[PDB]
Amino acid sequence: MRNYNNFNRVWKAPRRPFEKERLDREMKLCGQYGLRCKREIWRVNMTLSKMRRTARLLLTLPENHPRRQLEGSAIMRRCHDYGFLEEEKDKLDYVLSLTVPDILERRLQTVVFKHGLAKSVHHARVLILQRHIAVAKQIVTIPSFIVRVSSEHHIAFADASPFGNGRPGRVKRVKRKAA
Amino acid sequence: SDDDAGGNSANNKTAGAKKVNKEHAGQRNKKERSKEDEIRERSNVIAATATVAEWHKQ
Amino acid sequence: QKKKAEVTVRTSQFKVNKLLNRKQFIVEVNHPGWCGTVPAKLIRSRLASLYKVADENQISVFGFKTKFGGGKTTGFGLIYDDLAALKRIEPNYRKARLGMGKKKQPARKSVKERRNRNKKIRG
Amino acid sequence: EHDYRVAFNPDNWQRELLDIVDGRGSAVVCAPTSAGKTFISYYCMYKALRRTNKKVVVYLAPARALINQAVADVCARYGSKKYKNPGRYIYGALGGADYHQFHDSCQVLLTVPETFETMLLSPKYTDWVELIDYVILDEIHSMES
Amino acid sequence: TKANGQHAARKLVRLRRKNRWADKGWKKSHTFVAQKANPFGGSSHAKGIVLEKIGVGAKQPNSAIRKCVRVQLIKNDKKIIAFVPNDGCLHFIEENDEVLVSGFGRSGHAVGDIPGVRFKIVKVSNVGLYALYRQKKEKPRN
Amino acid sequence: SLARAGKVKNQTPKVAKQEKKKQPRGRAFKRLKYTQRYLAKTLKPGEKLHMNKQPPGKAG
RNA sequence: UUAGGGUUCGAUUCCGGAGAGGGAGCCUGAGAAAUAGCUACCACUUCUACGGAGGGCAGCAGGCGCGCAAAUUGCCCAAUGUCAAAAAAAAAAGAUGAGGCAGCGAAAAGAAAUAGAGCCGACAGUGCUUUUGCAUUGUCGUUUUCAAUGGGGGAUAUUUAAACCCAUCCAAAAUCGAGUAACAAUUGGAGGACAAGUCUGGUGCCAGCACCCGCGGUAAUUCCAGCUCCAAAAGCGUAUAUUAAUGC
C-alpha cells in the first residue's frame, strides 16, 4: 500500500521460439561482442523498436504540424548523440534505417577494444567490471553503458587502478605480506 | 604401486566401459529380492522438531 | 609512498538564515588518498577554520553520502552563532550525536499499558 | 514369536543380539546356519545409510573368491542409493572376485584380510579409518585355523 | 447479408447478441453453471482422499494396461478417477491417504488411449510425486 | 503381467555417471560454442556436418 | 493484449457510496440513526461466593476454522499529517498500530559475476612453395606462467531516531584474503510439429512414454539408463483462467 514507484519491462521475447535463421543471427553477435545472454540482444531491439515507431508516426504527418516539428527535432538530436548516425541526417528516414549493430557498437565493452585499451573482447568485459576504467573521471563497472559521441575521448583508465597509479595489486600485495 | 601406473595408462582412454559390467552383474541376481528405495535422505548430524506456528492458545 | 592523504573542503549554495540565526549550506569534500570515509570530527574542524568560527562546538553537520568509485562525498552543514543557539534550535538526535543530548525517557510500551489501567480509577 | 517389529523373522536370537549393536560394541554369535546372518548387515546398512551417509560399513570375506560376488549382488538389491557426483553405493574387490580396485569412493566395502590390512595401517588411508564405522567379517572358526 | 443503413445500429447489435450463443467458446466462459458442473469448481487443483487402486485398460490401437486410482473430493463430496504419472509410482500412493489432483492438460477432455480419465495427480501427502520418481526427497510418515 | 509394476526400471544396470571436468558458464559458455561452429571448421552445419555426429556403429 | 477496428479485467494505493454479528429505536452535538456511544429482541459467548455483572478484531499484531492459497503476539514518533489550552527553550521530552523503519517475502521489475591475459605440446587452415620445409592463422589440448577482482573477513568510520543494507577503504608513519579458481548452475529436451544422435547397454504390446500424429511383439531414431549434442539461464517446468494467433 501507498508506494508510487514505477517499474516496467524492458526486453520482450520473440514469438516462434525455434527458427533456424533467428538462432544463427543471435549466436553470431553473442560471441563477437561477448554478450552474456540472448536477453541482451533482445534488450537492444526493444529501444530500436519504440524509437522507429514514434519516428514513423511522425513521418506520416503533414509537414509543419506541431507534434512533428517538436518531437522530431529531439529524436533526431539524440540519434546524433549516442552516435547512432551522422550529423548529416535530418529527414526522419535515417531513423528507421537503423539496425541492431549500431546500438551494440556504442556499448562500453565494444568501445574499449577499439581504442586499444584491451587485447580481446571478453578481456574488455572483465576489465570494466573489475573496476579499471573511467568515462570522464567517473568509474564505471557496467559494460552496457552507452557512450555518447562527446564523451569518447575521455575514457582512458581510472587512477585508482594498479594500471594507473595507487595501491598496487592483490597478487603482489599478498606476496609482500608473506615475505 | 601399479595401482597408480595402471591408473595413468588407462586415462588415455580406450575403450570405453568396464564400469557397466560390475553393476550389470549385480543385476544378474536372480528373480529375487526387493529393491526398497533407500535413495537420498542425506543430511549432517543435527536435527530439530517443534510445534511451531504456535499455540492453540486457551 | 608518493602519497600523503589530505582533506580539502568547499561549500556550495549558501544561505544566511536570520529567522533562526544560522548559516546553512551543503558541504563538499574530496579527500584523495584517504582510507575509507572521512569521519565527522575532521569536517567540523575544516569548516570552523575557514568561516572563522569561535568554536567547533558551534558547528554541526550531518548526513554524508559517498559516491561510487573514487573518493568524494557531500553532506549538509550548519554554523550557528553561540552555543546556546545550537542546543535550542537544533533537534534532540543531532544534539545526542555530539553528546549534548537529553538522557533517555522509558520505552513507549510501558507508558501505554500504564495509562490504560488508570482510566478505571477515581482519585 | 508374537512380536513382529523392526525385523521380520525375528525370533529369539535377534531380540537379544540387536540390543547390543543398538548401543554398538563387540560380540560374536555361536550359531550354526539357520538364522541367515544377512539380517545383521541389512540392519547395520539401514543405520549408516538412512542417517548420515559418510560412515563406511564393511563386510569382510572368509577368504576371497566366490562369496565376495554373491554378497556384492545380494547387497546391491537392498537398493542402490542416489548421491551427488562420486559418492558410490558399494565398491568391491581384490580378488578372486570382483578383481583389484575400485579402491576409494563409498559408503560400504567388500574385500578380504590382506586388502583391509594395507588400507588400515598405512598413513595416507587413515582418513577412511575413523569414518569406519563399523566392521564385520564372516566364518572365522574353520577358516582362521 | 446484413443491414447497411446509417440508422441501422439497433438491428446489428441484437443480431450479434443472438449469434454468440452458437459459438462454443463464448458459452463456456459466460455461463456461470459451467463451474458448478466441473469437479474442482473452476479451481486449479483440489485435495482428495484415495479409496482404492484400479487398473484401467486402453482403447484398441495400443494395448497396454494403465495405473489409476480413485479419489473422493472433500469440498464437494464427489468421486472421480485419476492417473498416476511416471514409472513405478503407484507404490508411493497408499489408500486412505491425502493427495493433490490437477487437470490433465486439456480442459475437460481425456488424453488418448486411456478411456474416461481426465485428471493427473501431483502430490502425495505434502511432497511431490516427481520428488519421489526423480527422487530427491522421500515420503514422510504422516 | 499385472502381477508386476515398475518392471523395466529395476531391471536396468545402475551405471551411475562418470566424473567430468567443469564447463564454462556466463559469457564463457557462449564463447565456447562460437569457436565450435563459426571458427575452426570451414564446412560447418548446413547439412554437411551436423551439430552432433555419431560414428556408424549399427545395422538397423 | 493490440497495425487498425476490438476483446477482456477493475475486491485492492486516488475519488464517490455503503457497512461494522443480524434487525430496529434513540441520546448528545454545528454535524451521527455513531456501535473501541446508549436501549430492546434474536443468534453466539464469558465470569460468579448463583444475589448478579458482562462481551462484538470486516483497526494493528496473533490465533481457530476454512480452502488449491497469503508475513512479526517486532522498533519509533526522527520524517509526512491530524487533534489541542499547544513554537522551541528554561529541572523542564503531549498523544498517535495514521504513518515511517526493520523481519519473513524466486508474486512482479531493473543492473549483474561463475574467469581473463600468455608459454611449450598437438591438430586444422593459409601464403611462398623445390613440396624439403619456411613463414603464418585459427583451434584444441599437457594441472604450466603472469596479472587482476568479487563472494567473504574487518574499520579512522560513514549510514540511521537507534541499528541494518547500500556507498568507501585494506594505511596517510601504521590494518586481511581464490587455482581442480571443490569459492565446482540448474530445468526441460534430441521421429515429426520445433533448435538437437541413422551411438552403446536394458526391456520385448510388458513396463511406460505421448498436449496432437504416434512408439513398444528381440536391428525400439520416441520407453528405462549411460555418453554426446541442442534451447533458455539465476532461473526452468506443470495445472487453471484470459488475451493474441481467429476474416472460427
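What follows draws every value from the coordinates through simple rules; no lab data is involved. For neighbour counting, all protein chains shown are included, and Cβ atoms are generated from backbone atoms with ideal geometry for every residue, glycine included.
Quick notes on this one:
- So A:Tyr33, is it among the hydroxyl-bearing types (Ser, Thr, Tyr) and near RNA strand G (Cβ under 8 Å from one of its atoms): no
- Residues (more than 10 Å from RNA strand G (Cβ to nearest atom) and out of contact with any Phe, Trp or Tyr (no Cβ under 9 Å at 6 or more places or on another chain)) located in the stretch B:38-58: B:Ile39, B:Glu41, B:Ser43, B:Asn44, B:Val45, B:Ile46, B:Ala47, B:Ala48, B:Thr49, B:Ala50
- The residues of the stretch C:60-77 that are of a type outside the set (S, T, N, Q), under 12 Å from C:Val38 (Cα atoms) and surrounded by 15 or more Cβ atoms within 10 Å (Cβ to Cβ), listed by number, are C:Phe64, C:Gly71, C:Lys72, C:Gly75.
- F:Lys14 meets each of the listed conditions (1) of a type outside the set (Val, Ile, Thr); (2) over 30 Å from A:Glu19 (Cβ atoms); (3) away from chain E (no Cβ under 14 Å) apart from (3).
- Sub-8 Å Cβ pairs linking a first residue in the stretch D:71-84 that is facing chain B (nearest Cβ under 7 Å) and surrounded by 16 or more Cβ atoms within 10 Å (Cβ to Cβ) to a second residue that is outside any loop (DSSP other than H, G, I, E, B) and of a type in the set (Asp, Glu), at least 6 apart or interchain, are D:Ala76/B:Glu23, ordered by first then second residue.
- Taking the stretch D:65-94 as the range and being part of a loop (DSSP other than H, G, I, E, B) and touching a strand residue (DSSP E or B) at 6+ places or on another chain (Cβ under 9 Å) as the test, the residues that pass are D:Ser80, D:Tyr89, D:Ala93, D:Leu94.
- Just one of the numbered conditions (1) within 7 Å of another protein chain (Cβ to nearest Cβ); (2) within 7 Å of RNA strand G (Cβ to nearest atom); (3) in a helix (DSSP H, G or I) is not true of F:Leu32: (1).
- Filtering the stretch B:29-49 to residues that are more than 7 Å from chain D (Cβ to nearest Cβ) and either surrounded by 15 or more Cβ atoms within 10 Å (Cβ to Cβ) or of a type in the set (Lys, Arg) (or both) leaves B:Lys30, B:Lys31.
- Scan of the stretch C:58-75 for residues that are closer than 18 Å to C:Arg94 by Cβ and either more than 6 Å from RNA strand G (Cβ to nearest atom) or touching a residue at least 60 places away in the same chain (Cβ under 8 Å) (or both), ordered by number: C:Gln58, C:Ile59, C:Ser60, C:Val61, C:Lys65, C:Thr74, C:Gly75
- For the stretch B:7-22, the count of residues that are within 11 Å of chain D (Cβ to nearest Cβ), more than 18 Å from F:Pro13 (Cβ to Cβ) and not in a loop (DSSP other than H, G, I, E, B) is at least one.
- Test result for D:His103, free of Cβ contacts under 8 Å to residues at least 60 places away in the same chain, outside any strand (DSSP E or B) and within 17 Å of B:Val20 (Cα to Cα): yes
- Set side by side, the residues A:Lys20, A:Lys38 differ, and just one is surrounded by 14 or more Cβ atoms within 10 Å (Cβ to Cβ), over 29 Å from A:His154 (Cβ atoms) and within 16 Å of RNA strand G (Cβ to nearest atom), which is A:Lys38.
- Within the stretch F:45-60, residues that are assigned to a loop (DSSP other than H, G, I, E, B) reach partners that are within 6 Å of RNA strand G (Cβ to nearest atom) with beta carbons closer than 8 Å, at six or more positions or on different chains, in the pairs F:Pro45/F:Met51.
- Cβ separations smaller than 8 Å between residues 6+ apart or across chains give the following pairs from the stretch E:90-112 residues that are under 17 Å from E:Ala131 (Cα atoms) and small (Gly, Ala, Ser) to residues that are within 8 Å of RNA strand G (Cβ to nearest atom) and not in a loop (DSSP other than H, G, I, E, B): E:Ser102/E:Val122.
- Number of residues in the stretch A:128-179 that are outside any loop (DSSP other than H, G, I, E, B), over 30 Å from A:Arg77 (Cα atoms) and either more than 7 Å from RNA strand G (Cβ to nearest atom) or in contact with a strand residue (DSSP E or B) (Cβ under 7 Å, 6 or more places away or on another chain) (or both): the value is 2.
- Residues satisfying the stated conditions in the stretch D:107-145, i.e. farther than 19 Å from D:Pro62 by Cβ, of a type in the set (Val, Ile, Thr) and touching a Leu at 6+ places or on another chain (Cβ under 8 Å): D:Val129
- Among the residues of the stretch A:1-17, not one is among the aromatic types (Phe, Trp, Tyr) and more than 8 Å from RNA strand G (Cβ to nearest atom).
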